[PDB]
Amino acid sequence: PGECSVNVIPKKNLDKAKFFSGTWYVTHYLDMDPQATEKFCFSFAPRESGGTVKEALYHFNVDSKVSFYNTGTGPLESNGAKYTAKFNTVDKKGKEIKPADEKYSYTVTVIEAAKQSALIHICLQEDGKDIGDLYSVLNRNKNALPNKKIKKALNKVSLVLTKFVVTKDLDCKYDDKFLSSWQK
């Protein structure tokens, strides 16, 4: 039911310093649950050091106008483009307002990255079992379209970009300061 997609392949030789820097916006997303129709905006600031990823996450529920903040931490796989994180909930100033629930995790795979674009996949789990998954197209610019290389990657696993929700058309509110100040 909440089974995560197969054939999610980590990019070979992802440039760590480039990917794990700055702020990424989700320009297009595809939630593999067809009934997940609430509109969201998302941005994050992933960082890596000594084999451990530490990232700040920002969601904005467009339906409800409520934003939420998390931080995630986990080991980067030897392949250098996949990681499984545990997450807490923080407030806008970075202070923990709810501890990590040990029964939850998520696994990020960076499928492709090109110029200012990337394609990632996220598998959400509870007690090590799949509970849902989503593909996201990332860009450094919220208003930009993906590089063709990102399209090729989508096409390799029989996904088409037209199926994705386009976020630039939504009434997104972003907390950019939360992400830009991450680990400063």
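A residue's number is simply how far along the shown sequence it sits, counting from 1.
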item	value
Greater mean Cα temperature factor according to the PDB record, 87-95 or 68-76	87-95
Stretch with the higher entry mean CA B-factor, where the candidates are 5-13 and 19-27	5-13
Identity of residue with top Cα B-factor, from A56, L138, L134, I150	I150
Selection by C-alpha B-factor (highest) of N61, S117, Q35, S49	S49
Third of chain Cα B-factors occupied by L145	middle
Lowest, middle or highest third - CA B-factor, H121	lowest
